[PDB]
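**Q** Can you keep this structure in mind? I'll have questions shortly.
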Amino acid sequence: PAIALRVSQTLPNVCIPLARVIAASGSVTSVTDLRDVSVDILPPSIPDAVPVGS
Amino acid sequence: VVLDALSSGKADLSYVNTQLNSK
Amino acid sequence: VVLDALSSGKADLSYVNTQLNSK
Amino acid sequence: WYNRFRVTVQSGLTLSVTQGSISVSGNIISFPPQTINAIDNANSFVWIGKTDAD
């Protein structure tokens, strides 16, 4: 649960996206900035625990 | 104006490459 | 002539988005 | 960054949105300049996303 810089194969629904890196044969083929300076992020859809009216 | 419309409205090689190798 | 050649040859960004959507 | 997805009136009810890139679960989608009509005699909202129907 410590907060730090991490590299995964899938963006978590809760995270701070920094970059998407496509690498191959030990070398990086492409880097794409995922920050607000470059893209407008569509927010994740997180449903509530209790449905409305329950 | 036609050149600016072309630059804005056409897929650039870097974007198409990255998306093509992203799927 | 270069302008019309580039307009015809280069792919639309909408078309590229649709094709990337298909895959 | 400042003009990304800026919504400006083109003519009549047809409005022009500038180009821009969105991030959906880490996948980058680039949109060219596009046009869309508003709804007459109403306060409409222009946004980007997916509806329940679509």
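If you're wondering about the labels, chains in the structure tokens are A, B, ... by order shown, residues count from 1 in each chain, ligands from 1 in order shown.
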Compile the residues of chain A that lie within 9 Å of chain D, evaluated using only C-alpha atoms, and express the compilation as a ChimeraX atom specification.
**A** /A:10-13,17,19-20,32,34,36-44
**Q** Please, could you write that set of residues out with N, CA and C atoms as a short mmCIF file (atom, residue, chain, number, x, y, z; two decimals), in the first residue's frame?
**A**
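The resulting file, part-v3.cif, is reproduced below:
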```
data_model
loop_
_atom_site.label_atom_id
_atom_site.label_comp_id
_atom_site.auth_asym_id
_atom_site.auth_seq_id
_atom_site.Cartn_x
_atom_site.Cartn_y
_atom_site.Cartn_z
N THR A 10 -0.97 -3.01 -16.88
CA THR A 10 -2.34 -2.53 -16.97
C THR A 10 -2.51 -1.33 -16.05
N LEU A 11 -3.16 -0.29 -16.54
CA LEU A 11 -3.41 0.89 -15.73
C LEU A 11 -4.49 0.59 -14.70
N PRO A 12 -4.24 0.79 -13.41
CA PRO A 12 -5.30 0.60 -12.42
C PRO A 12 -6.38 1.66 -12.57
N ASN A 13 -7.59 1.30 -12.12
CA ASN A 13 -8.68 2.27 -12.14
C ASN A 13 -8.40 3.45 -11.22
N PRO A 17 -1.73 8.32 -14.03
CA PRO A 17 -1.05 7.87 -15.24
C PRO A 17 0.06 8.82 -15.63
N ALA A 19 2.96 7.54 -18.16
CA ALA A 19 3.36 7.26 -19.54
C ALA A 19 2.99 5.83 -19.90
N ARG A 20 2.82 5.60 -21.20
CA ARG A 20 2.70 4.26 -21.75
C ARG A 20 3.93 3.98 -22.60
N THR A 32 4.47 7.34 -24.75
CA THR A 32 3.32 8.21 -24.92
C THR A 32 2.97 8.85 -23.59
N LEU A 34 0.85 10.33 -20.81
CA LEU A 34 -0.53 10.20 -20.38
C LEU A 34 -0.96 11.32 -19.44
N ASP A 36 -2.07 15.26 -18.21
CA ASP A 36 -3.03 16.24 -18.69
C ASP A 36 -2.40 17.25 -19.63
N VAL A 37 -1.07 17.38 -19.62
CA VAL A 37 -0.41 18.27 -20.55
C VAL A 37 -0.52 17.78 -21.99
N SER A 38 -0.81 16.49 -22.19
CA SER A 38 -0.84 15.90 -23.52
C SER A 38 -2.21 15.37 -23.92
N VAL A 39 -2.91 14.69 -23.02
CA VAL A 39 -4.19 14.07 -23.33
C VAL A 39 -5.22 14.49 -22.30
N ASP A 40 -6.49 14.41 -22.70
CA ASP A 40 -7.61 14.59 -21.79
C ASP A 40 -8.14 13.21 -21.43
N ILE A 41 -7.98 12.83 -20.17
CA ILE A 41 -8.27 11.46 -19.75
C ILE A 41 -9.76 11.32 -19.50
N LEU A 42 -10.37 10.32 -20.13
CA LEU A 42 -11.74 9.96 -19.81
C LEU A 42 -11.77 9.29 -18.44
N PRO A 43 -12.53 9.81 -17.48
CA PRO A 43 -12.44 9.29 -16.12
C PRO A 43 -12.99 7.88 -16.04
N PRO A 44 -12.44 7.05 -15.15
CA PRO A 44 -13.00 5.71 -14.97
C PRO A 44 -14.39 5.77 -14.35
#
```
**Q** With only C-alpha atoms considered, list every residue of chain A at most 12 Å from chain B, as number ranges by chain.
**A** A: 20-24, 29-32
**Q** With chain B held fixed, move chain C onto it by a least-squares fit of all C-alpha atoms in order and give the output as a compact mmCIF listing (two decimals) with C-alpha atoms, in the first residue's frame.
**A**
```txt
# COMPACT_ATOMS: atom_id res chain seq x y z
CA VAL C 1 -6.57 26.87 -45.44
CA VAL C 2 -6.59 23.50 -47.22
CA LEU C 3 -3.04 22.92 -45.96
CA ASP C 4 -3.90 23.52 -42.31
CA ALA C 5 -7.12 21.51 -42.66
CA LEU C 6 -5.14 18.58 -44.07
CA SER C 7 -2.50 18.90 -41.35
CA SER C 8 -5.14 18.84 -38.61
CA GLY C 9 -7.43 16.17 -40.04
CA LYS C 10 -4.98 13.59 -41.35
CA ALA C 11 -3.41 11.21 -38.84
CA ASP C 12 0.28 11.28 -38.01
CA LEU C 13 2.21 8.23 -39.15
CA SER C 14 3.75 8.03 -35.68
CA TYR C 15 0.29 8.03 -34.09
CA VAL C 16 -0.90 5.33 -36.50
CA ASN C 17 2.18 3.24 -35.74
CA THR C 18 1.57 3.57 -31.99
CA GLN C 19 -2.10 2.62 -32.34
CA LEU C 20 -1.26 -0.37 -34.55
CA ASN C 21 1.33 -1.37 -31.94
CA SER C 22 -1.33 -1.26 -29.22
CA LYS C 23 -3.51 -3.86 -30.95
```
**Q** Report, in Å with one decimal, the straight-line distance from atom CA of residue 44 of chain D to atom CA of residue 35 of chain A.
**A**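 Taking atom CA of residue 44 of chain D as the start and atom CA of residue 35 of chain A as the end point, the length is 28.6 Å.
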**Q** Mind pulling up the distance from atom CA of residue 31 of chain D to atom CA of residue 18 of chain D?
**A**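 Between atom CA of residue 18 of chain D and atom CA of residue 31 of chain D the gap works out to 8.3 Å.
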**Q** Write down, as a list in words, each residue of chain D that has any atom within 7 Å of an atom of chain B, counting only C-alpha atoms.
**A**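 Within 7 Å of chain B on chain D, we get residues 19, 32 and 33 of chain D.
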**Q** Residues within 8 Å of segment 35-40 of chain D, please, as a list in words. Count only C-alpha atoms; anything in the same chain fewer than 2 positions from it doesn't count.
**A**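 Contacts, in chain order: residues 10, 13, 14, 15, 16, 17, 33, 42, 43 and 44 of chain D.
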**Q** Just the selected residues (N, CA, C and O atoms), exported as a CSV table (one decimal), in the first residue's frame, please.
**A**
```csv
chain,number,residue,atom,x,y,z
D,10,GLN,N,-19.5,27.3,-35.4
D,10,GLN,CA,-19.1,27.3,-36.8
D,10,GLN,C,-20.2,28.2,-37.6
D,10,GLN,O,-19.8,29.2,-38.1
D,13,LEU,N,-26.6,26.2,-36.0
D,13,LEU,CA,-26.5,25.3,-34.8
D,13,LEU,C,-25.3,24.4,-34.9
D,13,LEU,O,-25.1,23.6,-34.0
D,14,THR,N,-24.5,24.5,-35.9
D,14,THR,CA,-23.3,23.7,-36.1
D,14,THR,C,-22.1,24.3,-35.5
D,14,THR,O,-21.7,25.4,-35.8
D,15,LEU,N,-21.5,23.6,-34.5
D,15,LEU,CA,-20.4,24.0,-33.8
D,15,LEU,C,-19.2,23.2,-34.1
D,15,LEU,O,-19.3,22.0,-34.4
D,16,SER,N,-18.0,23.8,-34.1
D,16,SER,CA,-16.7,23.2,-34.5
D,16,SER,C,-15.9,22.9,-33.2
D,16,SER,O,-15.7,23.8,-32.4
D,17,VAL,N,-15.5,21.6,-33.1
D,17,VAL,CA,-14.6,21.2,-32.0
D,17,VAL,C,-13.2,21.0,-32.6
D,17,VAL,O,-13.1,20.3,-33.6
D,33,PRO,N,-10.5,17.9,-36.2
D,33,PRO,CA,-11.6,18.9,-36.1
D,33,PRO,C,-12.8,18.3,-36.6
D,33,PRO,O,-12.9,17.6,-37.6
D,42,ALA,N,-32.7,25.3,-26.3
D,42,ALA,CA,-32.3,24.5,-25.2
D,42,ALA,C,-30.9,24.8,-24.8
D,42,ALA,O,-30.1,25.4,-25.5
D,43,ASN,N,-30.6,24.4,-23.5
D,43,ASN,CA,-29.2,24.5,-23.1
D,43,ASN,C,-28.6,23.0,-23.2
D,43,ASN,O,-28.9,22.2,-22.3
D,44,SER,N,-27.9,22.8,-24.2
D,44,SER,CA,-27.2,21.5,-24.5
D,44,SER,C,-25.8,21.5,-23.9
D,44,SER,O,-25.2,22.5,-23.6
```
**Q** Report, in Å to a single decimal, how far apart atom CA of residue 51 of chain D and atom CA of residue 52 of chain A are.
**A**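 Taking atom CA of residue 52 of chain A and atom CA of residue 51 of chain D, their separation equals 19.2 Å.
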